[PDB]
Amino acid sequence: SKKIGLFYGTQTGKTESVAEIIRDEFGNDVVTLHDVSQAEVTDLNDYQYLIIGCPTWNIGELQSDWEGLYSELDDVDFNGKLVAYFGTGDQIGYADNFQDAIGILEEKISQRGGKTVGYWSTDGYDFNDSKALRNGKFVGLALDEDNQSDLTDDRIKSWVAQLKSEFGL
């Protein structure tokens, strides 16, 4: 399959709204949305191209539904999969743990064989520390709907263009 499986979690709905934007931005290239509150870890097996969305909560912690699946990721093999990440977070209120959730998820998924695509520049954010940092870039798209909502659509448009190349669409 060349459809993209987008698996997101949300507590206050912001990550879901951004997920819908990414689906729209992919245009006629199909992206299928999956809320992880309704998923089983084995649903991840169904795609070769995955997009993982998660907000960071409670000072550096996973969104609740994602924590449930996280615990079972050693039950899946991500070899042969290309995986991109996005997150929502607040760089002003949580400057020391900005986007940690996607960094925790990517470290596990890459341990299990997934190959990360979609690295994103840190220019234009004001933060101190992040578990999503990888040699000076973020592991994936960092969105901030609390402080930088006006930038979200442009950031998504750019990242989707990069993803279509990295997924070979």
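Numbering starts at 1 and runs along the sequence shown.
- For the two regions 150 to 158 and 6 to 14, the entry's Cα B-factors average higher over 150 to 158.
- Between 96 to 104 and 41 to 49, it is 41 to 49 that carries the larger average Cα temperature factor according to the deposited entry.
- When the C-alpha B factors of 121, 111, 116, 63 are read from the deposited coordinates, the top value falls at 121.
- If you compare the C-alpha temperature factors of 129, 35, 29, 144 in the entry, 129 comes out highest.
- The deposited CA B-factor of residue 57 belongs to the lowest third of values across its chain.
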